[PDB]
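In case you want the letters, here they are:
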Amino acid sequence: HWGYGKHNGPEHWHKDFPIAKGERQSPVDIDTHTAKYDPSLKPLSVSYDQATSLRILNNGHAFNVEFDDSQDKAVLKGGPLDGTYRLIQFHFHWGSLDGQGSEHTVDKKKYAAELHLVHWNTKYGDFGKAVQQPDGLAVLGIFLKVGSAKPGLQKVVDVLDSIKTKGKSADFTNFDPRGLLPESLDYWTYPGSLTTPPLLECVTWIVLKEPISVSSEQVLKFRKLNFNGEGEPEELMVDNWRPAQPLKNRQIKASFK
Ligand SMILES: CC(=O)/N=c1\sc(S(N)(=O)=O)nn1C
Ligand SMILES: [Zn+2]
């Protein structure tokens, strides 16, 4: 099946998921001098005070922190969005070295990792229906650079030992995702897709300009996870990122000048 190895990596995905060569694939390089400042872009409204985190899971591709999305508890509005989007989960993509790891790039610069907060449009009823629509999802992307430690990320780091291998999960309650946001909410936005199979083109991307800083010790613990299941040959979970895809007929807009 698909993965990030040499025999099942991104360059092979198109064989089982032809949309891999679509017209609005993600991620992309954000060229800052080509981006169009759009004053018609509203500020983002992130309402995470009632968020209810439930569990943390190693799915063999990354680790996800899942939330209760049975009601409007953690929602994203405003920005380039029409309607209310509910937070369902968040996860990261990272590298084997501090010089790579992010999916999106800025003027070709790669960050150490990238955080993805996934939301789905409530007008569609369930996540499964949302992914089949062009405005189905809204993913908030945040870059991570290596520097000072991020206190609000340490609770996640500490629990990684318990979900080392594929399929493992652990209760993960009372985590506040507000601790993962940078000061400013200035962003870039463009229409795109999911960055791993099924690669559906149902995403409105909102990438924050301001990265968050994490310590080398924190990223190091991400790199100790495994792609493999327990009892199988150890394969380190690193470089689970898809390289930039052609922009084609798309315009990246900026909420700031
Ligand atoms: C359930 C869910 O969040 N799936 C996702 S999220 C996602 S991403 N990496 O945010 O574009 N890719 N896929 C397959
Ligand atoms: Zn992702």
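As annotated in the PDB entry, the protein is Carbonic anhydrase 2 from Homo sapiens. Per the PDB header, the title for this entry is "Joint X-ray/neutron structure of Human Carbonic Anhydrase II in complex with Methazolamide". Recorded under Subunit (literature references left out), the UniProt text for the protein is reproduced unchanged: "Interacts with SLC4A4. Interaction with SLC4A7 regulates SLC4A7 transporter activity. Interacts with SLC26A6 isoform 4 (via C-terminus cytoplasmic domain)." Note on the protein: under the UniProt heading Sequence similarities, the record states "Belongs to the alpha-carbonic anhydrase family."

A. The pairing of strand β5 (residues 63-67), seen in detail. In terms of residue burial, β5 counts as a mostly covered element, since four of its five residues are buried. In this sheet, β5 lies alongside strand β4 (residues 53-58) in antiparallel orientation, the contact comprising five bridges. By the bridge assignment, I56 is partnered in β5 with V65. Count of turn residues in the β4/β5 antiparallel hairpin: four residues, of which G60 carries a positive phi of about 90 degrees. Examined bridge by bridge, β5 and strand β7 (residues 85-94) share three bridges and lie antiparallel to one another. Bridge assignment links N64 to a residue of β7, and that residue is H91.

B. Layout of the coordination of the zinc ion (ligand 2). The protein atoms that coordinate the zinc ion (ligand 2) are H91 (NE2), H93 (NE2) and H116 (ND1), at distances of 2.0 to 2.1 Å. Around the zinc ion (ligand 2) sit four donor atoms; with metal-centred angles ranging over 98 to 119 degrees, the donor geometry is tetrahedral. In the primary sequence, the donor residues of the zinc ion (ligand 2) line up as H-x1-H-x22-H. Of this pair, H91 sits in strand β7 while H116 sits in strand β9 (residues 113-121), and the two are 25 residues apart along the sequence.

C. Here's a closer look at the side chain of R223. The topology assignment puts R223 in the loop between α4 (216-222) and β15 (253-254). Here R223 falls in the buried class, since its relative accessible area comes to 12%. In terms of polar contacts, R223 uses its side chain to reach the side chain of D98, at 2.7 Å. Once residues lying within four places of it in the same chain are set aside, the contact partners of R223 are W94, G95, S96, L97, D98, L236, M237 and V238.

Rules behind the numbers
- Residues numbered from 1 in each chain as written, not as in the entry; some residues may be left out.
- Chains lettered and ligands numbered in written order.
- Heavy atoms only, no water.
- UniProt positions renumbered as here; feature names shortened; annotations may be inferred.
- Buried < 20%, exposed > 50% of the residue type's maximum accessible area, 1.4 Å probe, protein only.
- Helix = DSSP H or I, 4+ residues; strand = E, 2+ residues; numbered from the N terminus.
- Pairing = 2+ DSSP bridges.
- Donors = N, O, S within 2.8 Å, 3.2 Å for Na, K, Ca; no water.
- Tetrahedral: all angles 85-135°; square planar, octahedral: opposite > 155°, others 65-115°.
- Polar contact = N/O pair within 3.5 Å; in protein donor to acceptor, adjacent residues only side chain to side chain.
- Contact = heavy atoms within 4.5 Å.

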